[PDB]
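The file work_2.cif contains mmCIF, N, CA and C atoms:
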```cif
data_final
loop_
_atom_site.label_atom_id
_atom_site.label_comp_id
_atom_site.auth_asym_id
_atom_site.auth_seq_id
_atom_site.Cartn_x
_atom_site.Cartn_y
_atom_site.Cartn_z
N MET A 1 107.45 86.18 98.00
CA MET A 1 106.51 86.91 97.10
C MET A 1 105.91 88.14 97.81
N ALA A 2 105.48 89.15 97.05
CA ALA A 2 105.02 90.45 97.57
C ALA A 2 103.54 90.52 98.01
N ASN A 3 102.92 89.36 98.24
CA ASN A 3 101.51 89.16 98.59
C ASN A 3 101.37 88.21 99.80
N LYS A 4 100.26 88.29 100.54
CA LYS A 4 100.09 87.62 101.84
C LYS A 4 99.00 86.56 101.80
N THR A 5 99.39 85.29 101.71
CA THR A 5 98.46 84.14 101.72
C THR A 5 98.27 83.49 103.09
N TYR A 6 97.07 82.94 103.31
CA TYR A 6 96.67 82.21 104.52
C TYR A 6 95.92 80.94 104.17
N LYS A 7 95.98 79.94 105.05
CA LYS A 7 95.12 78.77 105.00
C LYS A 7 93.65 79.20 105.16
N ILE A 8 92.82 78.86 104.19
CA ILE A 8 91.36 78.96 104.30
C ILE A 8 90.80 77.90 105.26
N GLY A 9 89.79 78.30 106.03
CA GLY A 9 89.04 77.46 106.96
C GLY A 9 88.19 76.40 106.26
N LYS A 10 87.94 75.26 106.91
CA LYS A 10 87.25 74.10 106.31
C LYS A 10 85.76 74.35 106.14
N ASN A 11 85.23 75.34 106.88
CA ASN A 11 83.86 75.81 106.79
C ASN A 11 83.72 77.22 106.17
N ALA A 12 84.80 77.81 105.65
CA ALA A 12 84.79 79.17 105.11
C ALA A 12 84.00 79.31 103.80
N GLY A 13 83.78 78.20 103.08
CA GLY A 13 83.10 78.20 101.78
C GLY A 13 84.05 78.26 100.57
N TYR A 14 85.30 77.81 100.72
CA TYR A 14 86.27 77.64 99.63
C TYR A 14 85.65 76.87 98.45
N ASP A 15 85.85 77.39 97.24
CA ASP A 15 85.29 76.85 95.99
C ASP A 15 86.39 76.49 94.97
N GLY A 16 87.54 77.16 95.06
CA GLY A 16 88.70 76.96 94.19
C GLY A 16 89.49 78.25 93.99
N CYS A 17 89.82 78.57 92.73
CA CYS A 17 90.62 79.73 92.37
C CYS A 17 89.76 80.84 91.75
N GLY A 18 90.08 82.08 92.12
CA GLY A 18 89.34 83.26 91.69
C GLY A 18 89.39 84.42 92.69
N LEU A 19 89.04 85.64 92.24
CA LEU A 19 88.84 86.83 93.06
C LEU A 19 87.77 86.56 94.11
N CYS A 20 88.14 86.81 95.37
CA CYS A 20 87.28 86.67 96.53
C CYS A 20 87.70 87.59 97.69
N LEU A 21 86.80 87.76 98.65
CA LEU A 21 87.08 88.38 99.95
C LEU A 21 87.21 87.27 101.00
N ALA A 22 87.78 87.59 102.15
CA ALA A 22 87.87 86.66 103.28
C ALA A 22 88.10 87.40 104.60
N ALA A 23 87.53 86.88 105.68
CA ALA A 23 87.79 87.36 107.05
C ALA A 23 89.03 86.67 107.63
N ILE A 24 90.13 87.39 107.76
CA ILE A 24 91.40 86.86 108.28
C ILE A 24 91.42 86.91 109.81
N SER A 25 91.54 85.75 110.45
CA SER A 25 91.50 85.55 111.89
C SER A 25 92.56 84.54 112.32
N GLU A 26 93.52 85.00 113.12
CA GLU A 26 94.68 84.20 113.58
C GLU A 26 95.49 83.64 112.40
N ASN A 27 95.53 84.42 111.30
CA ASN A 27 96.12 84.06 110.01
C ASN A 27 95.51 82.77 109.39
N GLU A 28 94.18 82.68 109.51
CA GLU A 28 93.29 81.72 108.86
C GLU A 28 92.08 82.48 108.31
N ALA A 29 91.62 82.16 107.10
CA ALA A 29 90.40 82.75 106.57
C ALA A 29 89.18 81.95 107.04
N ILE A 30 88.49 82.43 108.08
CA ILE A 30 87.34 81.73 108.69
C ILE A 30 86.10 81.74 107.79
N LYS A 31 86.08 82.67 106.82
CA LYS A 31 85.05 82.87 105.80
C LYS A 31 85.67 83.36 104.51
N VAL A 32 85.05 82.98 103.40
CA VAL A 32 85.41 83.39 102.03
C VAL A 32 84.16 83.60 101.17
N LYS A 33 84.24 84.52 100.20
CA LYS A 33 83.15 84.82 99.24
C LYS A 33 83.71 85.30 97.91
N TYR A 34 83.42 84.58 96.82
CA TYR A 34 83.98 84.85 95.49
C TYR A 34 83.20 85.93 94.75
N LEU A 35 83.92 86.82 94.06
CA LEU A 35 83.35 87.91 93.26
C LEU A 35 82.29 87.39 92.28
N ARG A 36 82.55 86.26 91.62
CA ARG A 36 81.62 85.61 90.68
C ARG A 36 80.31 85.10 91.30
N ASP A 37 80.25 84.95 92.63
CA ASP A 37 79.04 84.53 93.35
C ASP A 37 78.22 85.74 93.86
N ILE A 38 78.88 86.87 94.15
CA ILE A 38 78.22 88.13 94.57
C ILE A 38 77.72 88.92 93.36
N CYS A 39 78.56 89.00 92.33
CA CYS A 39 78.37 89.74 91.09
C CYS A 39 78.20 88.78 89.90
N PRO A 40 76.97 88.29 89.64
CA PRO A 40 76.69 87.47 88.45
C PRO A 40 76.87 88.25 87.13
N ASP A 41 76.95 89.59 87.19
CA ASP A 41 77.28 90.45 86.04
C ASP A 41 78.78 90.45 85.67
N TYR A 42 79.67 89.94 86.52
CA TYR A 42 81.11 89.86 86.22
C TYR A 42 81.40 88.96 85.01
N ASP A 43 82.19 89.49 84.07
CA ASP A 43 82.72 88.80 82.89
C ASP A 43 84.18 89.23 82.71
N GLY A 44 85.11 88.30 82.91
CA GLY A 44 86.54 88.57 82.99
C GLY A 44 87.35 87.29 83.23
N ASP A 45 88.51 87.42 83.89
CA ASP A 45 89.47 86.33 84.08
C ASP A 45 90.19 86.41 85.45
N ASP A 46 89.47 86.83 86.50
CA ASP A 46 89.97 86.99 87.87
C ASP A 46 91.24 87.86 87.96
N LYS A 47 91.18 89.08 87.40
CA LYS A 47 92.33 89.98 87.28
C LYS A 47 92.54 90.79 88.55
N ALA A 48 93.78 91.03 88.95
CA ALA A 48 94.09 91.84 90.13
C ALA A 48 93.53 93.29 90.04
N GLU A 49 93.35 93.79 88.82
CA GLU A 49 92.78 95.12 88.54
C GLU A 49 91.25 95.16 88.54
N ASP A 50 90.59 94.00 88.43
CA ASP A 50 89.13 93.93 88.58
C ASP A 50 88.69 94.30 90.00
N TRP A 51 89.56 94.22 91.02
CA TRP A 51 89.22 94.77 92.33
C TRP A 51 89.11 96.30 92.36
N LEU A 52 89.72 97.00 91.41
CA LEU A 52 89.49 98.44 91.18
C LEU A 52 88.11 98.70 90.53
N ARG A 53 87.49 97.68 89.91
CA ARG A 53 86.17 97.71 89.28
C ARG A 53 85.06 97.28 90.24
N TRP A 54 85.15 96.07 90.80
CA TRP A 54 84.07 95.48 91.61
C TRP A 54 84.27 95.70 93.11
N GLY A 55 85.47 96.07 93.56
CA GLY A 55 85.77 96.50 94.94
C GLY A 55 85.01 97.74 95.43
N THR A 56 84.13 98.30 94.59
CA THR A 56 83.15 99.35 94.93
C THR A 56 81.71 99.01 94.47
N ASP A 57 81.39 97.73 94.26
CA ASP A 57 80.02 97.28 93.97
C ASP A 57 79.19 97.25 95.26
N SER A 58 77.92 97.61 95.21
CA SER A 58 77.04 97.66 96.39
C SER A 58 76.95 96.31 97.11
N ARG A 59 76.99 95.22 96.34
CA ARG A 59 76.99 93.83 96.84
C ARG A 59 78.37 93.36 97.32
N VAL A 60 79.46 93.76 96.66
CA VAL A 60 80.83 93.56 97.16
C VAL A 60 81.04 94.24 98.52
N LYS A 61 80.69 95.52 98.64
CA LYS A 61 80.80 96.27 99.91
C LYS A 61 79.98 95.61 101.02
N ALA A 62 78.77 95.13 100.71
CA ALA A 62 77.96 94.36 101.64
C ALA A 62 78.64 93.03 102.04
N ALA A 63 79.24 92.30 101.09
CA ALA A 63 79.92 91.04 101.36
C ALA A 63 81.19 91.22 102.22
N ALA A 64 81.99 92.26 101.95
CA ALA A 64 83.17 92.60 102.76
C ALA A 64 82.77 93.00 104.19
N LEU A 65 81.71 93.80 104.32
CA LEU A 65 81.16 94.22 105.62
C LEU A 65 80.67 93.04 106.46
N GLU A 66 80.00 92.10 105.80
CA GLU A 66 79.52 90.85 106.39
C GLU A 66 80.66 89.91 106.86
N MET A 67 81.90 90.14 106.43
CA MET A 67 83.11 89.45 106.90
C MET A 67 83.76 90.17 108.10
N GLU A 68 83.58 91.49 108.18
CA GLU A 68 84.12 92.33 109.27
C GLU A 68 83.46 92.03 110.63
N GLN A 69 82.34 91.31 110.61
CA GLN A 69 81.61 90.83 111.80
C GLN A 69 82.46 89.88 112.66
N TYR A 70 83.36 89.12 112.03
CA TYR A 70 84.19 88.11 112.66
C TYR A 70 85.61 88.62 112.97
N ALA A 71 86.27 89.19 111.95
CA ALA A 71 87.71 89.48 111.96
C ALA A 71 88.10 90.58 110.95
N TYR A 72 89.35 90.57 110.46
CA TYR A 72 89.88 91.58 109.54
C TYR A 72 89.68 91.13 108.09
N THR A 73 88.72 91.72 107.40
CA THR A 73 88.43 91.36 106.00
C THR A 73 89.55 91.79 105.06
N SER A 74 89.75 91.03 103.98
CA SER A 74 90.79 91.26 102.97
C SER A 74 90.27 90.97 101.57
N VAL A 75 90.77 91.74 100.60
CA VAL A 75 90.52 91.61 99.16
C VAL A 75 91.68 90.90 98.47
N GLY A 76 91.36 90.02 97.53
CA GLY A 76 92.37 89.19 96.87
C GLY A 76 91.81 88.05 96.04
N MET A 77 92.53 86.93 95.99
CA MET A 77 92.16 85.71 95.26
C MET A 77 92.53 84.44 96.04
N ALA A 78 91.89 83.32 95.72
CA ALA A 78 92.16 82.01 96.33
C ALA A 78 92.78 81.00 95.35
N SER A 79 93.27 79.89 95.91
CA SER A 79 93.80 78.72 95.22
C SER A 79 94.12 77.61 96.25
N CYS A 80 93.63 76.38 96.05
CA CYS A 80 94.03 75.18 96.82
C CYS A 80 93.98 75.35 98.36
N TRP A 81 92.83 75.76 98.91
CA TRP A 81 92.62 76.06 100.34
C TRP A 81 93.56 77.16 100.90
N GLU A 82 94.01 78.08 100.05
CA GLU A 82 94.80 79.26 100.41
C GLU A 82 94.16 80.50 99.79
N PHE A 83 94.16 81.60 100.54
CA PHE A 83 93.67 82.92 100.12
C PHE A 83 94.76 83.98 100.26
N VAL A 84 95.14 84.62 99.14
CA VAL A 84 96.17 85.66 99.06
C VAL A 84 95.58 87.07 98.95
N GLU A 85 96.02 87.98 99.82
CA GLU A 85 95.69 89.40 99.74
C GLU A 85 96.39 90.07 98.55
N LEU A 86 95.63 90.80 97.73
CA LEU A 86 96.13 91.60 96.60
C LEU A 86 96.39 93.07 97.00
#
```
For this file, produce the structure as structure tokens.
Amino acid sequence: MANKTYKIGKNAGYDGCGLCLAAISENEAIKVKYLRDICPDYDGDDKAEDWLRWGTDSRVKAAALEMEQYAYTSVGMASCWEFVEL
């Protein structure tokens, strides 16, 4: 597939499936944060194009920056303790 998934960390804050950011470290997501938890104004269906919408929100930019403290932050979605870069 044309996208890059990693095992999410057991303490990263995995919640399930949806648009999220994550700090990628040794090809493990040591941290995760879902768009629906940063942006309570979001109304949609976890679309790959919604990152063109909320990927410039003041709280999204703060959440991605807060992941850069550890490792290489990435934009994408999660599923079943895996996080894929979009």
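What separates atom CA of residue A:64 from atom CA of residue A:1 is a distance of 24.7 Å.
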May I ask for the distance between atom N of residue A:20 and atom N of residue A:82, given in Å to one decimal place?
11.5 Å
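Residues within 9 Å of residue A:78, counting only C-alpha atoms and excluding same-chain residues fewer than 2 positions away, are residues 5, 8, 14, 15, 16, 17, 18, 19, 20, 21, 32, 34, 76, 80, 81, 82, 83, 84 and 85 of chain A.
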Put those residues in a file: N, CA and C atoms, as a JSON list (two decimals), keeping the file's coordinate frame.
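File out.json, as written:
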```
[["chain", "number", "residue", "atom", "x", "y", "z"],
["A", 5, "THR", "N", 99.39, 85.29, 101.71],
["A", 5, "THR", "CA", 98.46, 84.14, 101.72],
["A", 5, "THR", "C", 98.27, 83.49, 103.09],
["A", 8, "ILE", "N", 92.82, 78.86, 104.19],
["A", 8, "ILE", "CA", 91.36, 78.96, 104.30],
["A", 8, "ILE", "C", 90.80, 77.90, 105.26],
["A", 14, "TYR", "N", 85.30, 77.81, 100.72],
["A", 14, "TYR", "CA", 86.27, 77.64, 99.63],
["A", 14, "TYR", "C", 85.65, 76.87, 98.45],
["A", 15, "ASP", "N", 85.85, 77.39, 97.24],
["A", 15, "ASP", "CA", 85.29, 76.85, 95.99],
["A", 15, "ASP", "C", 86.39, 76.49, 94.97],
["A", 16, "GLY", "N", 87.54, 77.16, 95.06],
["A", 16, "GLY", "CA", 88.70, 76.96, 94.19],
["A", 16, "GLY", "C", 89.49, 78.25, 93.99],
["A", 17, "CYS", "N", 89.82, 78.57, 92.73],
["A", 17, "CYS", "CA", 90.62, 79.73, 92.37],
["A", 17, "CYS", "C", 89.76, 80.84, 91.75],
["A", 18, "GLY", "N", 90.08, 82.08, 92.12],
["A", 18, "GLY", "CA", 89.34, 83.26, 91.69],
["A", 18, "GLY", "C", 89.39, 84.42, 92.69],
["A", 19, "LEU", "N", 89.04, 85.64, 92.24],
["A", 19, "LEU", "CA", 88.84, 86.83, 93.06],
["A", 19, "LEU", "C", 87.77, 86.56, 94.11],
["A", 20, "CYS", "N", 88.14, 86.81, 95.37],
["A", 20, "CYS", "CA", 87.28, 86.67, 96.53],
["A", 20, "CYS", "C", 87.70, 87.59, 97.69],
["A", 21, "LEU", "N", 86.80, 87.76, 98.65],
["A", 21, "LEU", "CA", 87.08, 88.38, 99.95],
["A", 21, "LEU", "C", 87.21, 87.27, 101.00],
["A", 32, "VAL", "N", 85.05, 82.98, 103.40],
["A", 32, "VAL", "CA", 85.41, 83.39, 102.03],
["A", 32, "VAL", "C", 84.16, 83.60, 101.17],
["A", 34, "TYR", "N", 83.42, 84.58, 96.82],
["A", 34, "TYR", "CA", 83.98, 84.85, 95.49],
["A", 34, "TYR", "C", 83.20, 85.93, 94.75],
["A", 76, "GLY", "N", 91.36, 90.02, 97.53],
["A", 76, "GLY", "CA", 92.37, 89.19, 96.87],
["A", 76, "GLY", "C", 91.81, 88.05, 96.04],
["A", 80, "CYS", "N", 93.63, 76.38, 96.05],
["A", 80, "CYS", "CA", 94.03, 75.18, 96.82],
["A", 80, "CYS", "C", 93.98, 75.35, 98.36],
["A", 81, "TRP", "N", 92.83, 75.76, 98.91],
["A", 81, "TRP", "CA", 92.62, 76.06, 100.34],
["A", 81, "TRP", "C", 93.56, 77.16, 100.90],
["A", 82, "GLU", "N", 94.01, 78.08, 100.05],
["A", 82, "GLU", "CA", 94.80, 79.26, 100.41],
["A", 82, "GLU", "C", 94.16, 80.50, 99.79],
["A", 83, "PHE", "N", 94.16, 81.60, 100.54],
["A", 83, "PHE", "CA", 93.67, 82.92, 100.12],
["A", 83, "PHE", "C", 94.76, 83.98, 100.26],
["A", 84, "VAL", "N", 95.14, 84.62, 99.14],
["A", 84, "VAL", "CA", 96.17, 85.66, 99.06],
["A", 84, "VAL", "C", 95.58, 87.07, 98.95],
["A", 85, "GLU", "N", 96.02, 87.98, 99.82],
["A", 85, "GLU", "CA", 95.69, 89.40, 99.74],
["A", 85, "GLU", "C", 96.39, 90.07, 98.55]]
```
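We find atom C of residue A:74 and atom CA of residue A:58 to be spaced 15.7 Å apart.
Comparing the minimum interatomic distances between residue A:35 and each of A:71, A:65, A:86, A:60, counting only N, CA and C atoms, we find that A:60 sits nearest.
Restricting the calculation to all atoms listed in the file, the smallest distance between residue A:24 and any of A:3, A:73, A:11, A:56 is found for A:73.
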Where in chain A does DSSP assign strand (DSSP E), given as a PDB file with N, CA and C atoms, in the coordinates of the input?
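Okay, states_32.pdb is ready:
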```pdb
ATOM      1  N   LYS A   4     100.260  88.290 100.540  1.00  0.00           N
ATOM      2  CA  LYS A   4     100.090  87.620 101.840  1.00  0.00           C
ATOM      3  C   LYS A   4      99.000  86.560 101.800  1.00  0.00           C
ATOM      4  N   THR A   5      99.390  85.290 101.710  1.00  0.00           N
ATOM      5  CA  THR A   5      98.460  84.140 101.720  1.00  0.00           C
ATOM      6  C   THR A   5      98.270  83.490 103.090  1.00  0.00           C
ATOM      7  N   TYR A   6      97.070  82.940 103.310  1.00  0.00           N
ATOM      8  CA  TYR A   6      96.670  82.210 104.520  1.00  0.00           C
ATOM      9  C   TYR A   6      95.920  80.940 104.170  1.00  0.00           C
ATOM     10  N   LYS A   7      95.980  79.940 105.050  1.00  0.00           N
ATOM     11  CA  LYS A   7      95.120  78.770 105.000  1.00  0.00           C
ATOM     12  C   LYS A   7      93.650  79.200 105.160  1.00  0.00           C
ATOM     13  N   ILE A   8      92.820  78.860 104.190  1.00  0.00           N
ATOM     14  CA  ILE A   8      91.360  78.960 104.300  1.00  0.00           C
ATOM     15  C   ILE A   8      90.800  77.900 105.260  1.00  0.00           C
ATOM     16  N   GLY A  18      90.080  82.080  92.120  1.00  0.00           N
ATOM     17  CA  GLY A  18      89.340  83.260  91.690  1.00  0.00           C
ATOM     18  C   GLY A  18      89.390  84.420  92.690  1.00  0.00           C
ATOM     19  N   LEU A  19      89.040  85.640  92.240  1.00  0.00           N
ATOM     20  CA  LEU A  19      88.840  86.830  93.060  1.00  0.00           C
ATOM     21  C   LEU A  19      87.770  86.560  94.110  1.00  0.00           C
ATOM     22  N   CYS A  20      88.140  86.810  95.370  1.00  0.00           N
ATOM     23  CA  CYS A  20      87.280  86.670  96.530  1.00  0.00           C
ATOM     24  C   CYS A  20      87.700  87.590  97.690  1.00  0.00           C
ATOM     25  N   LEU A  21      86.800  87.760  98.650  1.00  0.00           N
ATOM     26  CA  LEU A  21      87.080  88.380  99.950  1.00  0.00           C
ATOM     27  C   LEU A  21      87.210  87.270 101.000  1.00  0.00           C
ATOM     28  N   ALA A  22      87.780  87.590 102.150  1.00  0.00           N
ATOM     29  CA  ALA A  22      87.870  86.660 103.280  1.00  0.00           C
ATOM     30  C   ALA A  22      88.100  87.400 104.600  1.00  0.00           C
ATOM     31  N   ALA A  23      87.530  86.880 105.680  1.00  0.00           N
ATOM     32  CA  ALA A  23      87.790  87.360 107.050  1.00  0.00           C
ATOM     33  C   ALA A  23      89.030  86.670 107.630  1.00  0.00           C
ATOM     34  N   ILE A  24      90.130  87.390 107.760  1.00  0.00           N
ATOM     35  CA  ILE A  24      91.400  86.860 108.280  1.00  0.00           C
ATOM     36  C   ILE A  24      91.420  86.910 109.810  1.00  0.00           C
ATOM     37  N   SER A  25      91.540  85.750 110.450  1.00  0.00           N
ATOM     38  CA  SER A  25      91.500  85.550 111.890  1.00  0.00           C
ATOM     39  C   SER A  25      92.560  84.540 112.320  1.00  0.00           C
ATOM     40  N   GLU A  28      94.180  82.680 109.510  1.00  0.00           N
ATOM     41  CA  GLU A  28      93.290  81.720 108.860  1.00  0.00           C
ATOM     42  C   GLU A  28      92.080  82.480 108.310  1.00  0.00           C
ATOM     43  N   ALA A  29      91.620  82.160 107.100  1.00  0.00           N
ATOM     44  CA  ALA A  29      90.400  82.750 106.570  1.00  0.00           C
ATOM     45  C   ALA A  29      89.180  81.950 107.040  1.00  0.00           C
ATOM     46  N   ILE A  30      88.490  82.430 108.080  1.00  0.00           N
ATOM     47  CA  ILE A  30      87.340  81.730 108.690  1.00  0.00           C
ATOM     48  C   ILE A  30      86.100  81.740 107.790  1.00  0.00           C
ATOM     49  N   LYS A  31      86.080  82.670 106.820  1.00  0.00           N
ATOM     50  CA  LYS A  31      85.050  82.870 105.800  1.00  0.00           C
ATOM     51  C   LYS A  31      85.670  83.360 104.510  1.00  0.00           C
ATOM     52  N   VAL A  32      85.050  82.980 103.400  1.00  0.00           N
ATOM     53  CA  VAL A  32      85.410  83.390 102.030  1.00  0.00           C
ATOM     54  C   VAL A  32      84.160  83.600 101.170  1.00  0.00           C
ATOM     55  N   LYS A  33      84.240  84.520 100.200  1.00  0.00           N
ATOM     56  CA  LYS A  33      83.150  84.820  99.240  1.00  0.00           C
ATOM     57  C   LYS A  33      83.710  85.300  97.910  1.00  0.00           C
ATOM     58  N   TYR A  34      83.420  84.580  96.820  1.00  0.00           N
ATOM     59  CA  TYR A  34      83.980  84.850  95.490  1.00  0.00           C
ATOM     60  C   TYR A  34      83.200  85.930  94.750  1.00  0.00           C
ATOM     61  N   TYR A  72      89.350  90.570 110.460  1.00  0.00           N
ATOM     62  CA  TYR A  72      89.880  91.580 109.540  1.00  0.00           C
ATOM     63  C   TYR A  72      89.680  91.130 108.090  1.00  0.00           C
ATOM     64  N   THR A  73      88.720  91.720 107.400  1.00  0.00           N
ATOM     65  CA  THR A  73      88.430  91.360 106.000  1.00  0.00           C
ATOM     66  C   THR A  73      89.550  91.790 105.060  1.00  0.00           C
ATOM     67  N   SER A  74      89.750  91.030 103.980  1.00  0.00           N
ATOM     68  CA  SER A  74      90.790  91.260 102.970  1.00  0.00           C
ATOM     69  C   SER A  74      90.270  90.970 101.570  1.00  0.00           C
ATOM     70  N   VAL A  75      90.770  91.740 100.600  1.00  0.00           N
ATOM     71  CA  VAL A  75      90.520  91.610  99.160  1.00  0.00           C
ATOM     72  C   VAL A  75      91.680  90.900  98.470  1.00  0.00           C
ATOM     73  N   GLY A  76      91.360  90.020  97.530  1.00  0.00           N
ATOM     74  CA  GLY A  76      92.370  89.190  96.870  1.00  0.00           C
ATOM     75  C   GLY A  76      91.810  88.050  96.040  1.00  0.00           C
ATOM     76  N   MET A  77      92.530  86.930  95.990  1.00  0.00           N
ATOM     77  CA  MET A  77      92.160  85.710  95.260  1.00  0.00           C
ATOM     78  C   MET A  77      92.530  84.440  96.040  1.00  0.00           C
ATOM     79  N   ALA A  78      91.890  83.320  95.720  1.00  0.00           N
ATOM     80  CA  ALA A  78      92.160  82.010  96.330  1.00  0.00           C
ATOM     81  C   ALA A  78      92.780  81.000  95.350  1.00  0.00           C
ATOM     82  N   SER A  79      93.270  79.890  95.910  1.00  0.00           N
ATOM     83  CA  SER A  79      93.800  78.720  95.220  1.00  0.00           C
ATOM     84  C   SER A  79      94.120  77.610  96.250  1.00  0.00           C
ATOM     85  N   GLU A  82      94.010  78.080 100.050  1.00  0.00           N
ATOM     86  CA  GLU A  82      94.800  79.260 100.410  1.00  0.00           C
ATOM     87  C   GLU A  82      94.160  80.500  99.790  1.00  0.00           C
ATOM     88  N   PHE A  83      94.160  81.600 100.540  1.00  0.00           N
ATOM     89  CA  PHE A  83      93.670  82.920 100.120  1.00  0.00           C
ATOM     90  C   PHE A  83      94.760  83.980 100.260  1.00  0.00           C
ATOM     91  N   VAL A  84      95.140  84.620  99.140  1.00  0.00           N
ATOM     92  CA  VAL A  84      96.170  85.660  99.060  1.00  0.00           C
ATOM     93  C   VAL A  84      95.580  87.070  98.950  1.00  0.00           C
ATOM     94  N   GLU A  85      96.020  87.980  99.820  1.00  0.00           N
ATOM     95  CA  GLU A  85      95.690  89.400  99.740  1.00  0.00           C
ATOM     96  C   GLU A  85      96.390  90.070  98.550  1.00  0.00           C
TER      97      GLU A  85
END
```
Within chain A, find each residue whose DSSP state, derived from the backbone, is alpha helix (DSSP H), and express the selection as JSON, numbers by chain.
{"A": [35, 36, 37, 38, 51, 52, 53, 54, 58, 59, 60, 61, 62, 63, 64, 65]}
Since the input has fewer atoms than a full residue there, write stretch 66-77 of chain A out with N, CA, C and O atoms, as a compact mmCIF listing (two decimals), keeping the file's coordinate frame.
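Output file rebuild20.txt follows:
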```
# COMPACT_ATOMS: atom_id res chain seq x y z
N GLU A 66 80.00 92.10 105.80
CA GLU A 66 79.52 90.85 106.39
C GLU A 66 80.66 89.91 106.86
O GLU A 66 80.41 89.01 107.66
N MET A 67 81.90 90.14 106.43
CA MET A 67 83.11 89.45 106.90
C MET A 67 83.76 90.17 108.10
O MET A 67 84.37 89.55 108.97
N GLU A 68 83.58 91.49 108.18
CA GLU A 68 84.12 92.33 109.27
C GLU A 68 83.46 92.03 110.63
O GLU A 68 83.97 92.42 111.68
N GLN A 69 82.34 91.31 110.61
CA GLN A 69 81.61 90.83 111.80
C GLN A 69 82.46 89.88 112.66
O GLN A 69 82.30 89.83 113.89
N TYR A 70 83.36 89.12 112.03
CA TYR A 70 84.19 88.11 112.66
C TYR A 70 85.61 88.62 112.97
O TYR A 70 86.10 88.46 114.09
N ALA A 71 86.27 89.19 111.95
CA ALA A 71 87.71 89.48 111.96
C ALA A 71 88.10 90.58 110.95
O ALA A 71 87.29 91.45 110.61
N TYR A 72 89.35 90.57 110.46
CA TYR A 72 89.88 91.58 109.54
C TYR A 72 89.68 91.13 108.09
O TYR A 72 90.37 90.23 107.61
N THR A 73 88.72 91.72 107.40
CA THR A 73 88.43 91.36 106.00
C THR A 73 89.55 91.79 105.06
O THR A 73 90.20 92.81 105.27
N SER A 74 89.75 91.03 103.98
CA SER A 74 90.79 91.26 102.97
C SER A 74 90.27 90.97 101.57
O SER A 74 89.45 90.08 101.37
N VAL A 75 90.77 91.74 100.60
CA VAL A 75 90.52 91.61 99.16
C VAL A 75 91.68 90.90 98.47
O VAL A 75 92.85 91.12 98.80
N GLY A 76 91.36 90.02 97.53
CA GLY A 76 92.37 89.19 96.87
C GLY A 76 91.81 88.05 96.04
O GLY A 76 90.75 88.18 95.42
N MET A 77 92.53 86.93 95.99
CA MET A 77 92.16 85.71 95.26
C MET A 77 92.53 84.44 96.04
O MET A 77 93.42 84.46 96.90
```
